[PDB]
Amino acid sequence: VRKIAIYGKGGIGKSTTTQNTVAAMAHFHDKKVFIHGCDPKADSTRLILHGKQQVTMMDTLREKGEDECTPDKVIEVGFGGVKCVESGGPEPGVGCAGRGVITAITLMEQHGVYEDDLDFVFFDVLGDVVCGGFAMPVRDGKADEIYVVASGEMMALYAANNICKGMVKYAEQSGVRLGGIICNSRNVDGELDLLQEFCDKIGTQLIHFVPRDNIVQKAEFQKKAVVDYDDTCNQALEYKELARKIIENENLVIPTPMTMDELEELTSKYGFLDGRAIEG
């Protein structure tokens, strides 16, 4: 099995790219896949599950008890046979936001879930901080490969660069490698060129350019991933290609992060003095 962690800044498109890429792997490429939601937002599986807000592993632990919390009570199966779990976690301020991820991965590992007839496991992880459970995929070797969803936004590059920093520190001991950056387009001029340049500075590849397509919201309104909603539309075929590239990917590196000054220079070069990158 190949264990893949997906990182990126909040709102960048982690759950959209993960669910649709996973949907494509199952529907187009005949893969058996597992999504482990590792973001407190806890909607990383709702489209695969056609709207169902999955009971989190932390909520099951709370309500059912340590003596009764088993993987079968937290795994749900949805589109394409994709198995889903949501880690959950403490409410805001109650405790470590990433505590639920730690408890959830541990239980999954104890029972061999990731090893049970799967080609791929995808972790959909919060990347605005790299600590606690959110750093497990990089630091403790819980994932083999990492892909980062990014855009021309400064904070998107910042988030990607911080995961690279975590990798410089732990990857030689943990075995995790960087498979590349995914440009999730916001339809802003220069985003592709910027991220291609970013990838070259840190020593990775820009694996795919996912276009902006409001079919994503059309399918969301029907509680479906794009590949589920219409498997012949352009966006579904874009995810079919992104899935093929991941499946076929052999480019796996330990990156060389950039400095903050280098990051400012790169965004200024492409007209994003306003880090929010609203216009190219």
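Counting begins at 1, following the sequence as shown.
A.B. asks: Where do the C-alpha atoms have the higher mean temperature factor in this entry, in 29 to 37 or in 61 to 69?
C.D. replies: Averaged over C-alpha atoms, the B-factors run higher in 61 to 69.
A.B. asks: Comparing 87 to 95 with 102 to 110, which has the greater mean CA B-factor as deposited?
C.D. replies: For C-alpha atoms only, the mean B-factor is higher in 87 to 95.
A.B. asks: If you check the C-alpha B-factor for each of 162, 185, 173, 205 in the entry, which is highest?
C.D. replies: Among 162, 185, 173, 205, the PDB entry lists the largest C-alpha B-factor for 173.
A.B. asks: Tell me which of 227, 243, 47, 42 tops the list for C-alpha B factor in the record.
C.D. replies: Result of the comparison over 227, 243, 47, 42: 42.
A.B. asks: Residue 13's Cα B-factor: lowest, middle or highest third of the chain?
C.D. replies: Answer is lowest: the recorded C-alpha B-factor places it there.
A.B. asks: Consider only the C-alpha atoms of the modelled residues in this chain, order them by B-factor as the entry records it, and name the third containing residue 153: lowest, middle or highest.
C.D. replies: Lowest third, going by the recorded CA B-factors of the chain.
A.B. asks: Among all modelled residues of this chain, ranked by Cα B factor, put residue 200 in the bottom, middle or top third, i.e. lowest, middle or highest.
C.D. replies: It belongs to the middle third of the chain when residues are ordered by C-alpha B-factor.
A.B. asks: Based on the entry's values, in what third of the chain does the Cα temperature factor of residue 134 lie: lowest, middle or highest?
C.D. replies: Answer is middle: the recorded C-alpha B-factor places it there.
A.B. asks: Split the chain's modelled residues into thirds by Cα B-factor; is residue 235 in the lowest, middle or highest one?
C.D. replies: For residue 235, whose C-alpha B-factor we compare with every modelled residue in the chain, the answer is the lowest third.
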